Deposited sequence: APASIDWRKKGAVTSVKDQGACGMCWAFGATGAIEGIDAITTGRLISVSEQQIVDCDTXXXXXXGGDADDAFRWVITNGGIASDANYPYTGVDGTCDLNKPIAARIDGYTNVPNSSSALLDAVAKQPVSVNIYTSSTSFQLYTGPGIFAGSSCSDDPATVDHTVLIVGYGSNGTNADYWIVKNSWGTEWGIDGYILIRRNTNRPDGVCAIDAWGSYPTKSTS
């Protein structure tokens, strides 16, 4: 894999979304992974409907979202099926913006996650209950010294959009959250990589997956 990548510079990442204090909004993180593969394969960078997955498939993880989009034969755009944050009536008669064919799980191994992110944006499940995570505003790498790294205690899907290094002891992941641009660094967090925590900071390397699509 390359020494660094940033899918935001490669036209595969949509704007940061703000879920608010939602009643049911578990599919962000998966939605950006669909957006990434749709952009790479079809030349189209379009936000997809996190709300349609929630309304038509309800908690859940990224693979539950991928499975629903595959079963439905696609997903509507966020513009045609907007976000409310609360579970409402499922509408299936909406235009399709993106379609995927499968999904792949990444093993709990930092090297395998790096390889996957070199290919496309990857959804991951992380622990987010520490106040230090909640209050992260940058400007630098998040060390997560109070994060729980137990894979069993993760609670939130986010999207890895890249990685790189600022020097020894400063390898990182670039992670898109859905908490709006008044969180992190314009809505992103730079999470330390290549630490002595085998499951990764906040268990980031335990639960990676990404959607796949048939092409010519």
| field | Parts of the chain sequence, as deposited, that carry no C-alpha coordinates in this structure | value | 59-64
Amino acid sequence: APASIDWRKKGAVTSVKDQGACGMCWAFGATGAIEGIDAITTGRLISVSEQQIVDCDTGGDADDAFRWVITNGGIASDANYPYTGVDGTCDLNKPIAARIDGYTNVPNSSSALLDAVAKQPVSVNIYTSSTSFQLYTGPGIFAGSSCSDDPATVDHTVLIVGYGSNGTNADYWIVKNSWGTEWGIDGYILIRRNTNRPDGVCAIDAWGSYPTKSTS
From here on, numbers count along this sequence of modelled residues.
| Of 195-203 and 11-19, which one has the bigger average CA B-factor? | 195-203
| task | Identify the stretch, either 111-119 or 84-92, whose C-alpha atoms have the larger mean B-factor according to the entry. | result | 84-92
| said: Highest Cα temperature factor in the entry, among the options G60, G32, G180, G162: which one is it? | reply: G60
| remark: Comparing C-alpha B-factors across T137, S77, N125, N105 in this entry, the winner is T137
| query | By its CA B factor, does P151 count among the lowest, middle or highest third of the modelled residues in the chain? | reply | middle
| request: Could you say whether, by C-alpha temperature factor, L190 belongs to the lowest, middle or highest third of its chain? | output: lowest
| Third of the chain, ranked by Cα B-factor, where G184 sits | middle
| said: Quick check for you: using the entry's CA B-factors within this chain, is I70 in the lowest, middle or highest third? | reply: middle
| note | Assert third(CA B-factor, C56) within chain per record equals highest
